[PDB]
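The primary structure of each chain is shown beneath.
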Amino acid sequence: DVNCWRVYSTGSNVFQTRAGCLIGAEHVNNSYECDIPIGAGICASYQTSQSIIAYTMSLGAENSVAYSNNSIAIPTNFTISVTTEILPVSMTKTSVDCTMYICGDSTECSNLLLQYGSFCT
Amino acid sequence: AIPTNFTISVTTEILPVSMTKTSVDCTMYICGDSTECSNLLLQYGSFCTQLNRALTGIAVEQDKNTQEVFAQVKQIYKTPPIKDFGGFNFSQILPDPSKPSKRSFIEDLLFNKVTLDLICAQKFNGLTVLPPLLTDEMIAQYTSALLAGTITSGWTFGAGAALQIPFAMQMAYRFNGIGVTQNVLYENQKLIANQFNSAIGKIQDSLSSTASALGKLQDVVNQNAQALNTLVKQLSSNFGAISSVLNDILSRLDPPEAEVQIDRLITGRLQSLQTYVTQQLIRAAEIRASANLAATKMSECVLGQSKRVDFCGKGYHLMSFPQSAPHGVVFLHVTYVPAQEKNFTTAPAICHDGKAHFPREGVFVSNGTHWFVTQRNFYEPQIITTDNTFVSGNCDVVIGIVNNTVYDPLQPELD
Amino acid sequence: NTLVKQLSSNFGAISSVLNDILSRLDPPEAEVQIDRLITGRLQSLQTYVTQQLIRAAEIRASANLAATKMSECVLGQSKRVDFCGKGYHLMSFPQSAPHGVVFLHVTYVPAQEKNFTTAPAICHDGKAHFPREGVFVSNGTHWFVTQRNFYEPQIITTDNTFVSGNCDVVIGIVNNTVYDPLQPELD
Ligand SMILES: *[C@@H]1O[C@H](CO)[C@@H](O[C@@H]2O[C@H](CO)[C@@H](O)[C@H](O)[C@H]2NC(C)=O)[C@H](O)[C@H]1NC(C)=O
Ligand SMILES: *[C@@H]1O[C@H](CO)[C@@H](O[C@@H]2O[C@H](CO)[C@@H](O)[C@H](O)[C@H]2NC(C)=O)[C@H](O)[C@H]1NC(C)=O
Ligand SMILES: *[C@@H]1O[C@H](CO)[C@@H](O[C@@H]2O[C@H](CO)[C@@H](O)[C@H](O)[C@H]2NC(C)=O)[C@H](O)[C@H]1NC(C)=O
Ligand SMILES: *[C@@H]1O[C@H](CO)[C@@H](O[C@@H]2O[C@H](CO)[C@@H](O)[C@H](O)[C@H]2NC(C)=O)[C@H](O)[C@H]1NC(C)=O
Ligand SMILES: *[C@@H]1O[C@H](CO)[C@@H](O[C@@H]2O[C@H](CO)[C@@H](O)[C@H](O)[C@H]2NC(C)=O)[C@H](O)[C@H]1NC(C)=O
Ligand SMILES: *[C@@H]1O[C@H](CO)[C@@H](O[C@@H]2O[C@H](CO)[C@@H](O)[C@H](O)[C@H]2NC(C)=O)[C@H](O)[C@H]1NC(C)=O
Ligand SMILES: *[C@@H]1O[C@H](CO)[C@@H](O[C@@H]2O[C@H](CO)[C@@H](O)[C@H](O)[C@H]2NC(C)=O)[C@H](O)[C@H]1NC(C)=O
Ligand SMILES: *[C@@H]1O[C@H](CO)[C@@H](O[C@@H]2O[C@H](CO)[C@@H](O)[C@H](O)[C@H]2NC(C)=O)[C@H](O)[C@H]1NC(C)=O
Ligand SMILES: *[C@@H]1O[C@H](CO)[C@@H](O)[C@H](O)[C@H]1NC(C)=O
Ligand SMILES: *[C@@H]1O[C@H](CO)[C@@H](O)[C@H](O)[C@H]1NC(C)=O
Ligand SMILES: *[C@@H]1O[C@H](CO)[C@@H](O)[C@H](O)[C@H]1NC(C)=O
Ligand SMILES: *[C@@H]1O[C@H](CO)[C@@H](O)[C@H](O)[C@H]1NC(C)=O
């Protein structure tokens, strides 16, 4: 949250973004898919000497369907694909001893802890 | 009872998808700009790191919900400049290229209805607000691509490569799905468009009027902006100390005595922060539970035709259109409701020559003098023939079989 | 790990070791030190319990979805779009992974599309013929009727379409002829 100065140390290729101040990354005019998110539609990536650049991410290739009021497109051939999907179902089962964790082997500590009502149970 | 007319109806549905990303600084909020409090908070073990980690996990999840909802097309489809959809008028929901932020009319209404210094005091107290990853002008491009792919390719654009097809035949295919023949569309097409446009027109008039429809999308904003006020009020409390300002305590007391007062203050500010963190952790799960439902509805009602009752609106489902609203998505469901009804006397079968004739796809009816067979969800009587019913058994076991004749179209031709 | 690390913290006491406080302090002075350590560790345990209670529900929300997917995608064929994988759904297989399940979805995607010039209906002698199940297409000269998801051209016959009314209300209807298979065999 610093407008870009107010920053202590400056350098080369100081960049001002809607997400803050970016130091050390060149600014380009192209637009690729997002690699390292920054904010406000700005993404940075490392590429070709090699340098870190920051751009405005591109949503994807743009095409226009050849839509006409008396035209249809019929497929003639197919492909059988197979995908995978991972789902967690359960996690580990843990259990603690409230007396052992707080006090341990001491006996006066148990007597002092007994005042608290039923937290352990 | 058989219906005669029908009616096309469009209804809205609001769904929150994400909330605002915030991040508080444990050391800055609890202590301020002092080092004695820093040393004491260091004497406390690791309570600040867990809070900073949780309040970052929430903010990361908030940017995955929006991606999962909207970012479902791998292309950016564009509507053709020439608008010929058979009479349907989509100007209200398709983007307006005039205003710099490419948003439609209804999207602008929705943006103006919702109302998002209070911020400055929080800002100068260790609080901050991170910006969303996808700017709204880029969500209003995902929604535009989805809506432009729906009205030119059907459900095919979500199951491979987009394949064009005229909108009239798309409506015919969507009628044929719910149990109405194709010819009901073409012989009434001019009507249906006039029923659709009006249906859209009453939606915007329902938004610009004095109505409370965005309440479910305003409640989350109110709750999130309300919790911060309590989090800040909790900073102005004694908690058992002499005064609520750490500067005064460090100004009129030596360390060996001010230590106990600073400890009393820390043991209350830390708890006031923990309560807020837990509340946010619960609200995040609620909002994600809503965002996943939004994604499922987006993928099933929009990118296809649903057959689950009362999922994508009341009635039978034809299609849906998405729109973006601040921190939420608004669906417009288009449905099909039968309108005008008539009584008839029906039978399960027809005994012709000792043979029971059952309908192939339809229902037997009679207007009191003659018997016809018609489809279930519309009134279109047809003559009973052998190319329209199938025989099974003999007219002895059916409970309510009646007497009638069958045309048998093949015989007269040979004559 | 963090739950263990909280043990090595004074929480304001003289020494984080419980025994070393009582080893070199009288009872009624060390009582307050022990009482401070007790509440510090108790709060450090309550935090862990609450975090586990939240994460358990987060996991169960996915366990129910896995049960639903096993019921619908595996034990049958689904029609909800993008539920059991991208494309039209055919069948799935389950596999087991440490603390979770892995679904292998088999799906069907069309590959090679071709353009065609279409028509809503054909009217023959003042009767409008609509396709029973399929679409009218053409390669520029002749008209055929095909299924929607695969190009298999087939000649138009009377037992391939159905009639409803005259060709005066249908918008984009076009002339052609219908085979009427009965007549040549009647000869
Ligand atoms: C950050 O602060 C600087 C300092 O005011 C702003 O720069 C000013 O911009 C205006 C508009 O072009 C100029 O007229 C001033 O001369 C600039 N001031 C200086 C000192 O250069 C800048 O606009 C601020 N940035 C943001 C994003 O608010
Ligand atoms: C549909 O696509 C498949 C793609 O595999 C075509 O099958 C290929 O045909 C070429 C030419 O005969 C062979 O060299 C390849 O080995 C085939 N692939 C496989 C996996 O066997 C198929 O011919 C296409 N359909 C039609 C009607 O041409
Ligand atoms: C089925 O379609 C509509 C149902 O609203 C009817 O069309 C309207 O009929 C009224 C009554 O004459 C006219 O004033 C309107 O101009 C018609 N059009 C519209 C858009 O309202 C139609 O009559 C119904 N058919 C039957 C047999 O009832
Ligand atoms: C679709 O709806 C729009 C919006 O109602 C119609 O546009 C109107 O056209 C008239 C004719 O000149 C103008 O006076 C209005 O100002 C237009 N409305 C707006 C909001 O600009 C349009 O005619 C309808 N039909 C089509 C085919 O687009
Ligand atoms: C029930 O519908 C039948 C339709 O067939 C009506 O019968 C028609 O009546 C008109 C009136 O003169 C005749 O011109 C038609 O030839 C009849 N159709 C036939 C014989 O198939 C019948 O009138 C209707 N009944 C009622 C009570 O409305
Ligand atoms: C429906 O048609 C059948 C077949 O014509 C009728 O069955 C016969 O009806 C006559 C009428 O008196 C009886 O004498 C016969 O015993 C019946 N059974 C036969 C011929 O096997 C039937 O009655 C008709 N249903 C009616 C009139 O309601
Ligand atoms: C459109 O398809 C038809 C049907 O295959 C083509 O007509 C055939 O053309 C071949 C070669 O000219 C002849 O041997 C057949 O006898 C024709 N069959 C019929 C039923 O006419 C037609 O040529 C195709 N059109 C184009 C432009 O290729
Ligand atoms: C489809 O066929 C009908 C019947 O052949 C055509 O109707 C004829 O149109 C011409 C042009 O005005 C008239 O002069 C004739 O009187 C019509 N009736 C006939 C020939 O019986 C119709 O135009 C055709 N539609 C097309 C080719 O799009
Ligand atoms: C990007 O384009 C702008 C004009 O739109 C130009 O002023 C700027 O210099 C360009 N940046 C680079 C790195 O060439
Ligand atoms: C059918 O007849 C009953 C008998 O009175 C009547 O109440 C009902 O309204 C009729 N159905 C319709 C659709 O009018
Ligand atoms: C179908 O027609 C469009 C419009 O001319 C064209 O861009 C496209 O390439 C055609 N399809 C094929 C497979 O060539
Ligand atoms: C399609 O639209 C054009 C106008 O661009 C029109 O001339 C043509 O008749 C339309 N198609 C049909 C089948 O009517």
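Residues numbered from 1 in each chain as written, not as in the entry; some residues may be left out. Chains lettered and ligands numbered in written order. Part of a larger assembly, values for the part shown. Heavy atoms only, no water.

Per the deposited record, the coordinates in this entry were obtained by cryo-EM to a resolution of 3.5 Å.

**Observations regarding the overall build of chain A**
Scanning chain A from N- to C-terminus turns up two helices and nine strands. When its helices and strands are written in sequence order, chain A yields β-β-β-β-β-β-β-β-β-α-α. The C-alpha radius of gyration computed for chain A amounts to 30 Å, which surpasses the reference 14 Å derived for 121 residues by more than 25%, pointing to a less compact arrangement than a globule. Reported as C-alpha extents along the three principal axes, the dimensions of chain A are approximately 85 × 60 × 30 Å. Classification of the 121 residues of chain A by burial places 27% in the buried group. (Helix = DSSP H or I, 4+ residues; strand = E, 2+ residues; numbered from the N terminus. Rg over C-alpha atoms; globule rule 2.2 N^0.38 Å. Buried < 20%, exposed > 50% of the residue type's maximum accessible area, 1.4 Å probe, protein only.)

**A word on the sheet that holds strand 9 (residues 174-175) of chain C**
Residue and element names in this part refer to chain C. Taking strand neighbours across the sheet as the criterion, the four strands line up as 8-5-4-9 in an open arrangement whose pairing is mixed. Edge strands, defined here as strands with exactly one partner in the open sheet, are strand 8 (161-163) and strand 9. Where strand 4 (residues 122-123) and strand 9 come together, two bridges link them in parallel fashion. When the sheet's bridge partners are listed, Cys123 is paired in strand 9 with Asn175. (Pairing = 2+ DSSP bridges.)

**So, the state of the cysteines**
Residue and element names in this part refer to chain B. This model, assessed by the stated rule, comprises 10 disulfides over all chains. Sulfur-sulfur distance for the disulfide between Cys31 and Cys37 comes to 2.0 Å. With the S-S bond torsion at -75 degrees, the cross-link from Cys31 to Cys37 turns out left-handed. Exposure remark for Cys31: the relative accessible area of 7% places this residue in the buried category. Look at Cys37 and you get buried, because its relative accessible area is 0%. Two residues, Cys301 and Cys312, share a disulfide whose sulfurs are 2.0 Å apart. The sign of the -75 degrees torsion about the S-S bond sets the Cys301-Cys312 disulfide as left-handed. One end of the pair, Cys301, is in helix 12 (residues 255-302); the other, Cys312, is in the loop between helix 12 and strand 4 (316-325), and 11 residues separate them in sequence. Assigning the bonded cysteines of chain B consecutive numbers by sequence position, one obtains the connectivity 1-4, 2-3, 5-6, 7-8. (Disulfide = S-S within 2.5 Å.)

**Considerations on empty space enclosed by the protein**
By volume, the largest cavity is sized at about 70 Å³. Lining the largest cavity we find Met169, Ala172, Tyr173, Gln182 and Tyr186 of chain B together with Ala119, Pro120, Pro131, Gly134, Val135 and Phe136 of chain C. Secondary-structure elements contributing two or more residues to the lining of the largest cavity are helix 7 (167-178) of chain B together with strand 6 (135-138) of chain C. Here the lining of the largest cavity takes three residues from helix 7 of chain B, the largest share from any one element. Grouping the amino acids of the lining of the largest cavity by side-chain chemistry returns nine nonpolar, two polar and no charged. Counted as a void, the second largest cavity has a volume near 60 Å³. Along the walls of the second largest cavity sit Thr20, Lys21, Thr22, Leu55, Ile58, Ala59, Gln62 and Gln280 of chain B, which together make up its complete lining. Of the residues forming the lining of the second largest cavity, the biggest block, four residues, is contributed by helix 3 (residues 47-70) of chain B. Here the lining of the second largest cavity is built from residues that sort into three nonpolar, four polar and one charged. (1 Å grid on protein atoms, 1.4 Å probe; cavity = no way out; pocket = protein on both sides within 12 Å on 5 of 7 lines; lining within 4 Å. Points joined across faces, edges and corners; volume = space filled by probe spheres on them. Nonpolar A, V, L, I, M, F, W, Y, C, P; charged D, E, K, R; others polar.)

**Observations concerning the UniProt feature "disulfide bond" in chain B**
All names here are of chain B. Here the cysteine sulfurs of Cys26 and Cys48 are separated by 2.0 Å, meaning the disulfide UniProt annotates for them is intact. Separated by 22 residues along the polypeptide, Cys26 in helix 1 (residues 26-30) and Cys48 in helix 3 bring together distant segments of the chain. Classification of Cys26 as buried rests on a relative accessible area of 1%. At 2.0 Å, the distance between the sulfur atoms of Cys351 and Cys395 falls under 2.5 Å, matching the disulfide given in UniProt. Taken together, the residues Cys351 in strand 7 (residues 350-351) and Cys395 in the loop between strand 11 (389-394) and strand 12 (402-403) connect sequence positions 44 residues apart. (UniProt positions renumbered as here; feature names shortened; annotations may be inferred.)

**Thoughts on the pattern of salt bridges**
Where charged atoms from two side chains of opposite charge approach closely, those side chains can pair. All names here are of chain B. All chains considered together, the criterion is met by 11 salt bridges over all chains. In this structure, the salt-bridge partner of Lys297 is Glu13, at a minimum N-O distance of 3.7 Å. Note on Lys297: relative accessible area 3%, which makes it buried. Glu13 sits in the partly exposed class, given a relative accessible area of 23%. Here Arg288 makes a salt bridge to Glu61, at a shortest N to O gap of 2.5 Å. Judged by relative accessible area, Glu61 falls into the buried class, the value being 14%. (Salt bridge = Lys/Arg side-chain N within 4 Å of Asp/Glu carboxyl O.)

**Examining the environment of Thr99 of chain A**
Residue and element names in this part refer to chain A. Examined against the element boundaries, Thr99 turns out to sit in helix 1 (residues 98-102). Distance in space between the C-alpha atoms of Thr99 and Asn111 is 11 Å, their sequence separation being 12 residues. Ignoring any residue separated from it by four or fewer positions in sequence, one finds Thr99 in contact with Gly104 and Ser110. (Contact = heavy atoms within 4.5 Å.)

**A look at the packing of aromatic side chains**
Applying the stated criterion to the full structure yields 26 aromatic pairs over all chains. When the centroid spacing of 5.7 Å and the interplanar angle of 70 degrees are considered together, the rings of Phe85 of chain B and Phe90 of chain B count as edge-to-face. Looking at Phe90 of chain B, the relative accessible area reads 3%, which means it is buried. With centroids separated by 5.4 Å and ring planes inclined at 45 degrees, the aromatic side chains of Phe90 of chain B and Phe167 of chain B adopt a geometry described as tilted. This pair shows no difference in class: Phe90 of chain B is buried, exactly as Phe167 of chain B is. Here the aromatic residues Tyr67 of chain A together with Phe85, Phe88, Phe90, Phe167, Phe196 and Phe321 of chain B are joined through ring pairs into a cluster of three or more. (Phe/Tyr/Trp six-rings, centres within 6.5 Å; stacked < 30°, edge-to-face > 60°.)

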